[PDB]
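Number of protein chains: 2
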Amino acid sequence: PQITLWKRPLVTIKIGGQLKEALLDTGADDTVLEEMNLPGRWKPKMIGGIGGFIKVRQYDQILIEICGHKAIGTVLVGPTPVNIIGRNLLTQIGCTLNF
Amino acid sequence: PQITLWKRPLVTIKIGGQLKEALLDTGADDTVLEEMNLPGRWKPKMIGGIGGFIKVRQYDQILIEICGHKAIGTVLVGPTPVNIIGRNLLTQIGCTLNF
Ligand SMILES: CCOP(=O)(COc1ccc(C[C@H](NC(=O)O[C@H]2CO[C@H]3OCC[C@H]32)[C@H](O)CN(C[C@@H](C)CC)S(=O)(=O)c2ccc(OC)cc2)cc1)OCC
């Protein structure tokens with residue numbers, strides 16, 4: 001689809017068999033989701049944002065369906081203010097910016 | 001034009017007679033620019049993201065040119081690592097997400 005930006009670009013995602021709302025975020029290198037239970041092993045990681053760094057759990061090769069489009073990639077889980085879909089997954093679904 | 005998301009979507013902007021590089025950020029409600037001594041009145045504000053909140057100076061009705069497309073709106077100035085073009089200006093240049 002084509003998504004305008006008058007409102008936040010929120011979409012429904014499916015991860016770990018659960019539906020959630022997430023923000024399509026071209027300013028994010030990586031995908032960061034709010035605290036959640038995901039199966040498989042994970043590595044502690046740190047990522048920095050506008051207000052400093054947070055500790056996240058890194059899950060690799062995780063399936064996630066974004067607005068009907070499948071992706072398999074790295075998902076960071078931690079105390080983010082909102083679920084954000086970053087460029088590592090936006091590229092997988094073929095998302096571009098156009099003006 | 002169309003911008004893929006393999007790399008950060010960095011473009012040249014023009015503000016107050018000055019060229020700068022800025023990130024087209026669909027995840028940013030507002031526009032946040034590196035410390036700059038813009039003229040005129042302003043209002044203190046705090047914006048939050050990953051890591052917490054930062055203090056910024058809100059300037060209103062500021063003209064910015066983004067890839068030859070003009071836009072006028074609120075700009076937040078503060079200690080941000082990168083110039084961030086948010087939805088308040090992206091809408092004015094006709095920017096959409098497409099997949
Ligand atoms: C050289 C030093 O760089 P640093 O690492 C940090 O540099 C960056 C800092 C921020 C960004 C942009 C933000 N991206 C981000 O957080 O992405 C994380 C995950 O993926 C990584 O990739 C880049 C960073 C990591 C995001 O797009 C937009 N944000 C809101 C999101 C969170 C939804 C609520 S918001 O900016 O906070 C913001 C809030 C309110 C506003 O208006 C009211 C306007 C903007 C990109 C690079 O330094 C560490 C101290």
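These protein sequence lines map, in sequence, to chains A and B.
Using the deposited numbering, read the first sequence as starting at 1 and increasing by one per residue.
Using the deposited numbering, read the second sequence as starting at 1 and increasing by one per residue.
Beta carbons: idealized from backbone N, C-alpha and C, even for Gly.
Does DSSP put residue i in a helix, in a strand, or in coil?
i	result
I93 (chain B)	helix
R41 (chain A)	coil
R87 (chain A)	helix
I50 (chain B)	coil
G73 (chain B)	strand
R57 (chain B)	strand
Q18 (chain B)	coil
Please look up how many angstroms separate the CB atoms of residue i and residue j, rounded, as I've assumed it's under 8 Å.
i	j	result
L38 (chain A)	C95 (chain A)	That belief does not hold up - the Cβ atoms of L38 (chain A) and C95 (chain A) are roughly 23 Å apart, past 8 Å.
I3 (chain B)	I66 (chain B)	Between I66 (chain B) and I3 (chain B) the Cβ distance is about 12 Å, and since that is not below 8 Å, they are no contact.
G73 (chain B)	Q58 (chain B)	In fact, because the Cβ distance is near 11 Å, the residues do not count as touching under 8 Å.
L97 (chain B)	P9 (chain A)	6 Å
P79 (chain B)	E35 (chain B)	6 Å
Identify every residue that forms a DSSP beta bridge with residue i.
i	result
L5 (chain A)	According to DSSP, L5 (chain A) bridges with nothing at all.
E65 (chain A)	A:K14, A:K70
Across the stretch 14 to 31 of chain A and the stretch 54 to 70 of chain A, are there enough close Cβ pairs to call them in contact, namely three or more that are closer than 8 Å? Contact between the stretch 14 to 31 of chain A and the stretch 54 to 70 of chain A is present, with at least three C-beta pairs closer than 8 Å.
Residues in the stretch 24 to 48 of chain A with C-beta within 9 Å of chain B's C-beta atoms, listed in sequence order? Answer set for the stretch 24 to 48 of chain A: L24, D25, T26, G27, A28, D29, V32, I47, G48.
Segment contact, 8 Å Cβ cut-off, at least three pairs: the stretch 48 to 59 of chain A with the stretch 44 to 56 of chain B: The stretch 48 to 59 of chain A makes contact with the stretch 44 to 56 of chain B: 3 or more CB pairs, one atom from each, lie closer than 8 Å.
The stretch 83 to 99 of chain A: positions lying closer than 7 Å to chain B by Cβ: Answer in chain order: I84, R87, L90, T91, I93, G94, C95, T96, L97, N98, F99.
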